[PDB]
Structures are given as C-alpha cells and as structure tokens.
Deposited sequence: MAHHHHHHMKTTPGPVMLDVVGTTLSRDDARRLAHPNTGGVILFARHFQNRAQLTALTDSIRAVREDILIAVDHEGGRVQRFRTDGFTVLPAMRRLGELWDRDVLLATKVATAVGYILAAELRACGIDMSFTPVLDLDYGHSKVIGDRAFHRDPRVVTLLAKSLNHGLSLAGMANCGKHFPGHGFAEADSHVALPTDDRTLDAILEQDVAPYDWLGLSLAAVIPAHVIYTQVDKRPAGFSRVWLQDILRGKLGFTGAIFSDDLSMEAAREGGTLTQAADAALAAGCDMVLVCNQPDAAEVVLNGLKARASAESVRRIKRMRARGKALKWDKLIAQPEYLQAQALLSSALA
C-alpha cells in the first residue's frame, strides 16, 4: 500500500474496471486530472473519493496554475489569473502583491481540496523572457520577484494544507528544445528561485530541454541537473516529478518504458504518463525500477495535510471570502 513511481490518468468522470486495475498496480503512485475528468464538483469529488477507495496511498494532482492553465473553471471554481498578473501587481505595489499572491494560493488549494485533490503542479518558476508556450504563465522577468511571489503563493497553498511543485527546472523560459547557455548563466538567474525558496519549494518538474553546454541529456533524464545540481548543489530534498513523458520528443526514439526507467534512474521520484492509460499500463508492467523507501518518503510528503472543508462550508468561510475580495479588488 505504498505509492509506485508512475503517475497516470483515468478514463473519465467515473472509474472504469480498467482504471481500477491500473490504480491497484504496485507501480502506480499517482493520478493527474485534466479537463475531461471534470463535469461538476459533485462528480469530481466522487471521482477522487473512488480513486482513494482503490488506492488509499495514491497522489492526486492537477495542472491548476491560473490563466491559460486551469483544468476546472466552472460549477463554482474561481477562474484564477495568469501568474504574470501578479508580477504586474508587484511592479506597482510589492507588499500588496505578496498579500494577493497568498490569497490566490489559498483559493486555488482550498477549492481543489474541497474536491479531494492533493496538489497542483504550480508554481511556474520560469523567467518571463518573452516563449509562447510559457508566456503569461511566468510570474516576472526578475528571479528575485519570481521567488517572493511564488513563495507567497506556496504559503497560500500551505494554508489549505497543500504542497507545491516548481517548474520547469532548471529553466524553460529561454526534437527537444535546446539551451546553449553556460551553466553559470543558467544558475545565476533561472535556477536562483529554486535555490532561494528553500523549504518553501516542495517538489520540482524538470524541463524536457537539452542544456547543451551542460549535459547531453534532457534535464528530466540528466544525472547532472537532478543529482549534481538540484539534489547536490541545492540540497533539494523534495519530490521530483518528470514532465509529461507522452511528448513525442521526450522518448528520444525509445519506448515509454525506457524513458520512464531513464528519468527515474537520473533522479526522478515519479514519472508522468498523460493521456494514454494503456501505454502507461505497459510502463507499469515493463518498468525495471521500483519505488524506493526514500522516493516513497518524498511522494508521501506531497499528500495534502489535514481536513479539508467541503464546498458548502468553504464558500461561506471568512478567510475564503477575504481572499476573494482581495483578488477582486487587486485585479
């Protein structure tokens, strides 16, 4: 009853017999939700409940960053702003920006927790260099601003008992994309938020980027980035999730199973295989690596903390209503 290294997804709004088989697999350790898994809050809450009934130790995550990346947007879910908005608020009022960032984090996490979800793959720590796929998903250009805005956000997530996951290490702001900058330049700017956050950073997603001047391998498959730099230089002790291995160029010509074993060997504690459960099931049965005691420890600390308010109580909570007003007033 310990988490496995694979995070996959399920078939739809309710669990099928095939989902139950996959969830019960020892190498399964997480479920990532998408828009297709949300009809309404009642259905979503029932799904997460049924997932934990099959596998009590499972980690349930979702991409809730705000702006362009928010899977659940209806039936009462607060539409959250793009993180770039907070960087814009910082430039006009630093202290207010931190205050709002916390309110955004609390709403974000409180609403997910009311529906039985453990965590969100947020914040994005990539610097806003001016990448269309990142775009307004980044907080700011200045790594010191990204750090303190992200720190304030993760604080709000923590108020609801929710962890966090910075991405995409060591920096996606600047076949698989390449980055021909030197280690020093990458460290001095893009990595700085990861280092400065300290214990405020609970997990990392490495980017599917070749940092040519640093290592032949992508960050997610790089022992240099993950072991030497992230765990070694930065002393990071949190969980490392691979970025979606379903990307064509991520496999580098190999199978999903080989890419999964490579990421886990490089330093990943858990691999993501999204939008193809049958392919993820092949990985479950073909994976050579098994969850270690130290990886299990890190995965377990990503679970949500404490009791969550049900939706009917949350929307009338003073703190919740205070966050809403602050968000409405500042943006």
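In this entry, the deposited residues absent from the coordinate set span 1 to 10, 141, 186 to 192, 350.
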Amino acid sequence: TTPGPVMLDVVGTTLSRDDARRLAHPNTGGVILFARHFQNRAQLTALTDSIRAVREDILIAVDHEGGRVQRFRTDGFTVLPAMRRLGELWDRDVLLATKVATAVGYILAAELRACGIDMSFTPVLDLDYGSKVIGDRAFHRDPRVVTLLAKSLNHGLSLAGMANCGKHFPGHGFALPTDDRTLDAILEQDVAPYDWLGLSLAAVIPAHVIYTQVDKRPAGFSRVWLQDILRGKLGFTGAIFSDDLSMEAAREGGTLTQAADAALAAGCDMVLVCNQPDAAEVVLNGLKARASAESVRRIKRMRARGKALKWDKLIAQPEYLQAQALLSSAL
From here on, numbers count along this sequence of modelled residues.
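Across the other compared structures of the same protein with both neighbouring residues present, residue 291 lacks coordinates in at least a third. When the two stretches 61 to 69 and 282 to 290 are set side by side, the higher mean Cα temperature factor goes to 282 to 290. Between 220 to 228 and 102 to 110, the higher mean Cα B-factor belongs to 220 to 228. Of the residues listed, 78, 122, 178, 158, the entry assigns the biggest Cα temperature factor to 178.
Within the listed group 162, 86, 148, 187, the record reports its top CA B-factor for 187. Placement of the Cα temperature factor of residue 22 within the chain: lowest third of the modelled residues, per the deposited record. Annotation for residue 213: CA B-factor lies in the highest third of the chain's modelled residues. Residue 6 sits in the middle third of its chain by CA B factor, as recorded in the PDB entry. Among all modelled residues in its chain, residue 174 ranks in the highest third by Cα B-factor. Ranked against the other modelled residues of its chain, the C-alpha B-factor of residue 295 as given in the entry falls in the highest third.
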